[PDB]
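Listed next as structure tokens is one chain, alone, in the form deposited in one PDB entry.
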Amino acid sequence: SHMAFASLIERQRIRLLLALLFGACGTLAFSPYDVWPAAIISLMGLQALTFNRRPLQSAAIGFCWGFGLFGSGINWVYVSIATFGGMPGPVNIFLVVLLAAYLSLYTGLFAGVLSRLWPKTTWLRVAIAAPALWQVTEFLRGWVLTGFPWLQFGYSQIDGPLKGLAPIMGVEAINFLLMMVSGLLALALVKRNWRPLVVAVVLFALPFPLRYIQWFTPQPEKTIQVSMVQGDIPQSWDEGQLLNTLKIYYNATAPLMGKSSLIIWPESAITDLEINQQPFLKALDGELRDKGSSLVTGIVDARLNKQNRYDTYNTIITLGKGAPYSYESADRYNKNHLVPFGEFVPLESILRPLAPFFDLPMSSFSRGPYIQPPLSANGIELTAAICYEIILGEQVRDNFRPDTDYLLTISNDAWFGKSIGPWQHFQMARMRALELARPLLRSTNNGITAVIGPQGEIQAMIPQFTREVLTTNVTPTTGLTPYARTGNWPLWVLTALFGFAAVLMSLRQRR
């Protein structure tokens, strides 16, 4: 003789469950599902479920929304933990839950702050304040503790109607517009009002023609045959296994010398120190040179520094024509942004004085500088990034030079097997080529090797989980996109105006 289904607390629990499901729906926006409308459905839920809530209730809803998104969208990290971590399966699940909860603090933060300063359900909350605040809370997610900016809905528009915005203001401009349009749709829905819907449709539609702009010019007098060797080496300290790996890569490469101007091996393809492989590298250099070809490859470089310690780098080196190999050559690239929990553990430097020496890792990776020159091979300028680094759009843009001919990324996504992880990673890699209007050569161990065209399109690809070479003709491009010239500071100016205007109005609403 009561209505327990209609209590205030129960209505809030219903919102938390829906938030969970609307968050998870957003995972469908990303590869390999590639249902870009799901990003709008997922953000509509976020914006609508937080209306007419107290701030702490809104924060809970935003946390649960994020938990659905990250819980369903980056649980592929389990595959690495469970295969290589040595830990009990329940510990592995809990670590993944912990990761998803951590990232959901930033969506709860967004929701809580939005509710406190813009409690009324209005077009200002959703179209002006929310985009600005989402930009700030997502920057923090990608910055705190080195950051993890995985699953930004703008990437889901690589093959969508908003892709033309990315070469002008970067992918974060697409995150901005999507939040704004999804908020206007949520507003139209709850107030049953057609005016915010029309506005939303116009704003969503205005960018459509930009997708037809080519900010670049092709250079066919520079077209070359490029080869990328996907060795598909399983994950491993055996010098024999090392030699079996050099055998696969060398024998796949030898018939391409004299035909492919550029040959590419993936991240850490040579699984030995550069100092222990001088005879191999200098012989290889000579074969490539005598046939007019160049080789770029990943390798681990423990380089003795002036303190007579070893900096261990995750490195790219060059050999052959136009890139004479040398241990002292500057024609190389050292990974700058290490993978959190992969190549380091955040907060480790603070805790190290107390750790027993026998428990510390044998070797830990050092960091190359934030800016490094393009690699040069066979006359070709290559702006390089290793693995996770390709998802850092501003950093890729900061290393880019107008004379860059190609973006280069080499990676090893074998850690995550047959999960959606490598596909999401591949999708973000495509956004860099669109933003900077250059082809991107992505060479991987077993995990989406491909040539991406200067508008983010897949020009060539080989299947995952195959030992095989991708060989094709590639053409470099020149020209500066607006985003390449400026970076993201124009979006920040817009964010500051939107946010200034919204905060001013919220303070006026009070007192």
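Quick note: we count residues from 1 along the sequence shown, nothing fancier.
Unmodelled deposited residues between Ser236 and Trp237: 1 to 3, per the record. Higher mean CA B-factor, judged across 356-364 and 209-217 from the recorded values: 356-364. The PDB entry records a higher mean C-alpha B factor for 468-476 than for its counterpart among 468-476 and 65-73.
Taking only the listed residues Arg332, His425, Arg309, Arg141, the entry reports the highest CA temperature factor at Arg309.
Comparing the listed residues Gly231, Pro167, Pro439, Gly379, the entry records the largest Cα B-factor for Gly379. Ranked within its chain, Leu375 lands in the highest third, by CA B factor from the PDB record. The PDB entry assigns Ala39 a C-alpha temperature factor belonging to the middle third of its chain's modelled residues. Ranked within its chain, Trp194 lands in the highest third, by CA B factor from the PDB record.
Per-chain ranking of the deposited C-alpha B factor places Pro454 in the lowest third. Per-chain ranking of the deposited C-alpha B factor places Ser326 in the middle third.
Just so you know, the form solved in complex with a partner chain exists too; it's not on screen, but the next bit is about it.
Note on the interface: of 257-265, 321-329, 408-416, 140-148, the segment with non-hydrogen atoms within 4.5 angstroms of its partner chain in the bound PDB entry is 408-416.
Residue in contact with its partner chain in the bound PDB entry (any heavy atom within 4.5 Å), chosen from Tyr250, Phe365, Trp76, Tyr310: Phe365. The listed set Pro361, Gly89, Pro220, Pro234 contains one residue whose heavy atoms approach its partner chain in the bound PDB entry to within 4.5 Å, identified as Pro361. Residue contact check for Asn314: one or more of its heavy atoms lie within 4.5 Å of its partner chain in the bound PDB entry. Residue contact with its partner chain in the bound PDB entry: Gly342 places a heavy atom within 4.5 Å of it. At the 4.5 Å threshold, heavy atoms of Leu273 reach its partner chain in the bound PDB entry.
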